[PDB]
Amino acid sequence: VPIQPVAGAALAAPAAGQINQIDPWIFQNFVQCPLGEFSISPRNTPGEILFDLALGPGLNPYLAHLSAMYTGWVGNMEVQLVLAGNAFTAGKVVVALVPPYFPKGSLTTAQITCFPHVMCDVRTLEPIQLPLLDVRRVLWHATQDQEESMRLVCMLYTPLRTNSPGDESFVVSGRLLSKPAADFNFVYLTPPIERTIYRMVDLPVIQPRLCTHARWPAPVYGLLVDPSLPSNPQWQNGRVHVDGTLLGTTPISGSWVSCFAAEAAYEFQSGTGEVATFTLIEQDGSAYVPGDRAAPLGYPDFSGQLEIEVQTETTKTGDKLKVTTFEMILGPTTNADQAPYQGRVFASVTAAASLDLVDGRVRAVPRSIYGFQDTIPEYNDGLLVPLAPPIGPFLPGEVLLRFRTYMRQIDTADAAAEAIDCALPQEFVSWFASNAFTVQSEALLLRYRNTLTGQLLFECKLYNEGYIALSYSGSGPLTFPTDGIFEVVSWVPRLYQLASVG
Amino acid sequence: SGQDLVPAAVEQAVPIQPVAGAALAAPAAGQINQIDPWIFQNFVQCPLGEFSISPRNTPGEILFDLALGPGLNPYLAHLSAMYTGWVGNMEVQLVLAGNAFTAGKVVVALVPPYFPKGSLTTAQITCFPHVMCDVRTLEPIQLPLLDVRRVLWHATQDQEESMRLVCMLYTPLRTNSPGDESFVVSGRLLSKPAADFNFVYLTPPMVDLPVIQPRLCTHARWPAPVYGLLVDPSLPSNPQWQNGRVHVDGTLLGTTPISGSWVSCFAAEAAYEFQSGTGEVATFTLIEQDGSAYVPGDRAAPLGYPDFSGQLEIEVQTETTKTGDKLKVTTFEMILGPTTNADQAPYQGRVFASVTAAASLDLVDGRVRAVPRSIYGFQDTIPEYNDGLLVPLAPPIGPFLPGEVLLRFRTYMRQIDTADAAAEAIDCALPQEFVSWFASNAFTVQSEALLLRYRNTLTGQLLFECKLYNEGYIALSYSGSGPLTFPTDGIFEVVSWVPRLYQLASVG
Amino acid sequence: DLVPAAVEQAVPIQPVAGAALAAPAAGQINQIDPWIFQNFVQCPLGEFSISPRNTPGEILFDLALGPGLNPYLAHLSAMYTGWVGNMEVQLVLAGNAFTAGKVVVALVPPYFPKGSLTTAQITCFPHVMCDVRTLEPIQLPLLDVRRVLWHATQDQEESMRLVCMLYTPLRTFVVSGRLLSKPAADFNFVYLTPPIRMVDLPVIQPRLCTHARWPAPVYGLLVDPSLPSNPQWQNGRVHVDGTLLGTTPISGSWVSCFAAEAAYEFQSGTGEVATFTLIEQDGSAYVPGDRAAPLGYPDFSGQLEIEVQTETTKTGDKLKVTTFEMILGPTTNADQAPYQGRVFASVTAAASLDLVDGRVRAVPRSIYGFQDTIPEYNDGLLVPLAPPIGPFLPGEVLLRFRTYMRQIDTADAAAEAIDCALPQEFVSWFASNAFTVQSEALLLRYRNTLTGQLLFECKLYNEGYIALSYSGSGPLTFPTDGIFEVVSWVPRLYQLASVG
């Protein structure tokens, strides 16, 4: 390739306090890059980027671990592209050396050859060994942020011309392997901050039968997919990102789920009963402001007639403090002018006279539901508010995993419980919030495996928007046992195809 | 490397003398100009440099024709805007590493300047300094392209006469592989300057598409947002549409407008008369919409007139002489074609419209501009242009290779209809933004097709490739019978210059 | 010895290494054509002007070192990721014998706290005193004082800045100054890349345009000081790098239209009333955010007649187009809320039309009582709006683009002429090309295409409007067959020539 040599530690060593050698056995092994893997299919149009990997310590896991106890790094790497095709195949890839400070996205096929590049046939026997050099403007790179280093881009240059038997299409699968060059080292030995460097995402070791549902204060009963249900719900509770961004009205605590905290003004109306006007606050004691979310944190994101329980203090003799059940319609179209986005809602109970209740602070918890509807409630009296987006999109053949619990239902005819679903339990929401991981791809590959048997029940994908997708082409609902553990394998791209279940 | 049952290299014994490059030009150049050494160190591919060989190519078909120049190299084609001159030899490698199960030969020849440039035949191709390559050849085929000229240098802004590197299919591409498709060779052209290429004289200093999603566009045959992106095999292949027909270099066709609010509209001088039994009839003496008048020229109507048929309703700004009302907007019904009894003639610049009225509306005659309202009995055919007679018109959208279909950009019209509830799906070849883009930029054509590719850039899924010919229509390779749709969240990009013989990947 | 009382001005320098510092970590060092070092070529920012309106202390120009000062370097830099090394800048001033004035050209270093620069401080840098009466150009070096090895091209970080300011007031007329620039003998680029942009315009006559605030061809091209100079126009606003301000759409058919879900009901005394729940016009859905309305909503007041595709269940008719009346602003009584996504319209009908509720897209038909002011957005409440157009230098007025609207009017025969800042074509061009905005204004020249009659120079500011230096108070119309073409980037204190 037409590129000069790059001085690594030689240019760093005067303005660096220490120049820190790594184990010579790490220079002796090619380790797989965590995302550098592709499969060329014959249906791939040329121009498709196969991978795009930046130079850094995150290419190697041993360098990614070592870099926590260092201030800086500098140097070059060696890289191997491995292609698993045979003879009888015919296609080309081009691996380019993109510099730093070059734009990203949308690079055509003529442009990839205007770089330093190699062009290699899928029939290549040996790996293609590549230099990934540290073309930099600084004297060394600081380990705890990621600036512009050289990328390594591979895109399909010439399509694949194979025979492909009828049962299964042929693919040329490529892997990318790497090790540091002889000129790679670290800079200044610091205390090993474990918190955030390149720490792989890990989930809590908790069974889903022990979890807590995130849209209703009840334990999780079911773990299942159902394509008959709407695969893009616009839910507002139990919405978290992976890197720790709470979406919508998602609370931290499981106690705040489907509850609200307010100041109640109690007034009697004849023919209706005791109507309480609730001025909403945040449930930790601070006030609520109409802002970037639909409601105060923990407000219910469903419709129907909810019975709430409020701690009522009365002025009547013979009683001081009690727990009173009110009724409150939620949505989607109500006549009581429910505006939780403004922080002012209304509830009522059928009372023959004035209950003589002291106007004051309450935290209403839900008691039961009448007429459950899996839709958004009325936040601004018919006017639509800023909402968290619907859950999706999916690759075709991938369905949304659902955590199911059952609600207390007022029902005069049927006894079948209202099964309400969320996308993630509250333990995973609080885990993602309290960890605040660094995200380096667009999907996490998860394995659900039973503990005592070791039986890998399914592999599944976790997206960064906070929802788990399975590869399931079946139409009926399939339940899964809630005794296993979700474990993280790796970062995988969003276009990654799974293995089907059922 | 995983087989040696293909040919490895070729011979390069081309019968030619070595040609001086920049060193002849240097005493008459007036400057010292250099290209940096790293451009000399790297075979890069120009966006002209893609071609394909199919089993449907007969021999004698030109796979490529590369006139020597700075435009065979993206580096050199970018540098060439800063200079008046160039000289020097190019070197070009041909990458056609066909599959093991294929057979065929190409002859790449060195055609001198001043040779009549079409049609070379298989008799003639070998009567030049040629080299005969196998399509299975594994390592690239490196070729000189020498600067045989009788001048000292070439002007860059003149497409002068230079040596052409010409490749035709010399033996047809066949395949002895057991029963499946037959393979298709995707060959690439790479080039760098040779050791003595140079430019001449520093001078004051390209094809693309706008970054617009197809849902963000303006439909060119009806004033509406584009709603659909689909081929449709049930529709005919060669419509003779007038609106939205623009070329790559910007040459408008027929009644093709530029402004987006000119579509399906017409400005004219309305003479208003009341007729008993019909109502209010306006005779429209047609003008142009920018304030000027209409002249019957190389088109059949004013710019922006509809190219469909039916009963169109129009909004006209009518001044009335009655009391209690001075200005209003009146709807006129107007049957269009192809054969009506109202003598509709936009070619002469005089049409007629009418509305049912029990009394005279007393409308002031004068300049109006009718915008469309609704359709009754929509027809995607040509209207009555010259009282049924012949007018000069745009050619139909074509020709296609067998297997290439027109990609239709769909929007939905407003319709008055007494029996059917479905809106009218009207299609165009290109939206108004691409028409304004081509009319504004005035691009330059290297070959008769632009291989384009459509990316959803937020998801990365490259959906297809497609060929934009220089007449301004986009074709895909599609074999299904049902209309297959594609999402309107994506981005088209220019990928390459290809001829008409490019083998597209079939979708659907 | 004799100290000479006349010493020719020369900036003393210490030499800066370019490629010698960069080369072991720049991946390749790229030599440029040796004749680029030979000729001073004009900066595409390099036009300024001094006037007696300027006060001593005004920054006349303010250049940054880099490849975008020489057009050969700015053109070559499209194929490189980086650059390094020194330049050389000439100044050309065009005064006559009876203008007095000194300007100072200083070499301000990077990471200087670049806020204020009074007149005493400007001589504490390496500088040169220039007289406004000099016949001959003035040469400066411009060195790559930096703390990095090389420079990203695509990312203007701090390099050495070249500031010029009025030292002594211009006393006595506008004095023109030009900047010319070449690379000095040490300049390379770094790392040849594919070429992935100097500001050019769409060659469209102003009569060939689509008006950005009403779906009509643009008829007029005029100034009018009688109108309010700083309107709060929400459509047709675009930044030069492509940032849309207000509710500015991309598609020309989106203008003054809306796409919604119509719910049809009948009311006695009013007629047929439709509730329109607004969405995005490209097929997607609308969410209230940091803009006042969905893309393409009518930003004017009055009574707009709309046309909706109505499906009816009556006999003898299935589909038709029905014209509704829809009040817009400024204060209405029909609960117009485009910001939250639900508006209302009505038509006078004696009986129920029995219309099917569903998705419609209403185009405008006519206006009754047109006003050029803002409508009612959130039932009179404050919404995120585009800022008012400005500011204006003393002596300029806003240029306005006129079209004529369809109007139902009972007494007046004059059609309502609506003005916009820029048409839709400039919006689509600027929003799809996404230029690097390299200074604060763009100098334009409205020149006739065929004959060559140049009418007026005008300043395209970055905020998406055109201001002309105009000393009168009345209107003035221009012929609409000319093409604006870009001369240079120009600073904000640039003084035009007065028209009219």
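Residues numbered from 1 in each chain as written, not as in the entry; some residues may be left out. Chains lettered and ligands numbered in written order. Heavy atoms only, no water.

In terms of determination method and resolution, the entry is listed under cryo-EM at 3.1 Å.

### Topic: the side chain of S181 of chain C
Position of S181 of chain C among the secondary structure elements: in strand β10 (residues 175-192). Discounting chain neighbours no more than four positions away, the residues touching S181 of chain C are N39, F40, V41, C43, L69, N70, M87, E88 and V89 of chain C. (Helix = DSSP H or I, 4+ residues; strand = E, 2+ residues; numbered from the N terminus. Contact = heavy atoms within 4.5 Å.)

### Structural notes on the nonpolar core
Membership of the largest hydrophobic core comes to 160 residues, with the highest contact counts inside it found for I53, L79, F464 and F492 of chain B. No other element matches strand β4 (residues 80-94) of chain C, which puts six residues into this core. The residues contacting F464 of chain B, other than those within four sequence positions of it, are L407, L452, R453, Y454, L476, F486, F492 and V507 of chain B. With 53 residues, the next largest nonpolar core counts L11, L63 and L97 of chain A together with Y191 of chain C among its residues. (Core = buried A, V, L, I, M, F, W, Y, C linked by side-chain atoms within 4.5 Å. Buried < 20%, exposed > 50% of the residue type's maximum accessible area, 1.4 Å probe, protein only.)

### Looking at the interface of chain A and chain B
Taken together, the contact pairs 35 residues of chain A with 38 residues of chain B. Buried surface at the junction of chain A and chain B, summed over both partners, amounts to about 2,900 Å²; 52% is from carbon and sulfur atoms. When the buried area of chain A at its contact with chain B is split by residue, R123, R161 and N163 of chain A rank highest and sum to 20% of it. Where chain A touches chain B, the interface holds zero salt bridges. There are 14 residue pairs in polar contact connecting chain A and chain B. Elements that contribute at least two residues to the side of chain A that touches chain B include exactly β5 (117-121) and β8 (151-158) of chain A. (Buried area = accessible area lost by both parts, 1.4 Å probe. Salt bridge = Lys/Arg side-chain N within 4 Å of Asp/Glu carboxyl O. Polar contact = N/O pair within 3.5 Å; in protein donor to acceptor, adjacent residues only side chain to side chain.)

### Description of the interface of chain B and chain C
Chain B puts 65 residues into the contact, and the matching count from chain C is 65 residues. Summed over both sides, the interface of chain B with chain C buries roughly 5,500 Å², with 57% coming from carbon and sulfur. A per-residue breakdown of the area chain B buries against chain C is headed by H78, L327 and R414 of chain B, which together make up 12% of the total. Applying the counting criterion to the chain B and chain C interface returns two salt bridges. Here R373 of chain B makes a salt bridge to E307 of chain C, at a shortest N to O gap of 3.0 Å. Linking chain B with chain C are 27 residue pairs in polar contact. When contributions to the side of chain B that touches chain C are tallied by element, the ones reaching two or more residues are α2 (74-79), β15 (309-319), β16 (327-335), β18 (366-379) and α3 (432-441) of chain B. For the side of chain B that touches chain C, the leading source of residues is β16 of chain B, giving five residues. Across the side of chain B that touches chain C, the residue classes break down as 31 nonpolar, 20 polar and 14 charged. (Nonpolar A, V, L, I, M, F, W, Y, C, P; charged D, E, K, R; others polar.)

### Digging into the UniProt feature "binding site: Ca(2+)" (unreviewed entry) in chain C
Under the feature "binding site: Ca(2+)" (unreviewed entry), the UniProt entry names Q407, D409 and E416 of chain C. Its place among the elements puts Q407 of chain C in the loop between β20 (396-404) and β21 (417-420). Using a relative accessible area of 2% as the deciding quantity, one classes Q407 of chain C as buried. As for its position among the elements, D409 of chain C is in the loop between β20 and β21. The class for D409 of chain C is buried, based on a relative accessible area of 15%. Sequence-distant contacts of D409 of chain C, that is, excluding residues within four places in its chain, are made with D325, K326 and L327 of chain B. (UniProt positions renumbered as here; feature names shortened; annotations may be inferred.)

### A short note on the UniProt feature "binding site: Ca(2+)" (unreviewed entry) in chain B
Per the UniProt record, the feature "binding site: Ca(2+)" (unreviewed entry) sits at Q415, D417 and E424 of chain B. With respect to the helices and strands, the residue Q415 of chain B is situated in the loop between β20 (408-413) and β21 (424-428). In this view, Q415 of chain B contacts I375, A422, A423 and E424 of chain B together with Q309, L319, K320 and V321 of chain C; residues no more than four positions away in its chain are not counted. Of note is the side chain of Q415 of chain B, whose polar atom sits 2.9 Å from the side chain of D417 of chain B. Following the sequence through the fold, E424 of chain B ends up in strand β21. Relative accessible area serves as the criterion here: at 17%, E424 of chain B is assigned to the buried category. If we skip the residues at most four places from it in the chain, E424 of chain B touches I375, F378, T411, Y412, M413 and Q415 of chain B.

### Some thoughts on the UniProt feature "binding site: Mg(2+) 2" (unreviewed entry) in chain B
UniProt tags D417, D420 and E424 of chain B as "binding site: Mg(2+) 2" (unreviewed entry). Positionally, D417 of chain B belongs in the loop between β20 and β21. You can see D420 of chain B is positioned in the loop between β20 and β21. Excluding residues within four positions of it along the chain, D420 of chain B makes contact with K318 and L319 of chain C.

### Quick look at the environment of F464 of chain B
All names here are of chain B. With respect to the helices, strands and loops of the structure, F464 is situated in strand β23 (residues 462-469). Under the relative-accessibility criterion, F464 is labelled buried at 1%. Taking the C-alpha atoms as reference points, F464 and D307, separated by 157 residues in sequence, lie 30 Å from one another.

### Some details on the environment of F278 of chain A
Residues and elements named next belong to chain A. For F278, the location among the structural elements is in strand β12 (residues 273-281). Using a relative accessible area of 0% as the deciding quantity, one classes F278 as buried. In this structure the C-alpha to C-alpha distance between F278 and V345, which are 67 residues apart in sequence, comes to 5.2 Å. Apart from residues no more than four positions distant in its own chain, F278 is found in contact with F260, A262, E263, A264, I308, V310, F326, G343, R344, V345, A347 and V362.

### Observations concerning the side chain of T411 of chain B
Residue and element names in this part refer to chain B. Its place among the elements puts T411 in strand β20. Side-chain polar atoms of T411 contact the backbone oxygen of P225, separated by 2.4 Å. Setting aside chain neighbours within four positions, we find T411 in contact with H219, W222, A224, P225, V226, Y227, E424, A425 and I426.

### Quick notes on the sheet that holds strand β5 (residues 102-111) of chain B
Residues and elements named next belong to chain B. Within the open sheet, the four strands sit side by side as β2-β9-β5-β6. Their pairing is antiparallel. Edge strands, defined here as strands with exactly one partner in the open sheet, are β2 (62-67) and β6 (130-134). Here the strands of the sheet are splayed against their neighbours by 15 degrees on average, with no regard to which way each runs. Relative to strand β9 (residues 164-175), β5 runs antiparallel, the two being bridged by nine bridges. Bridging from a neighbouring strand, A103 pairs with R174 of β9. (Pairing = 2+ DSSP bridges. Axes fitted to C-alpha atoms, helices over the stretch in contact; angles between N-to-C directions.)

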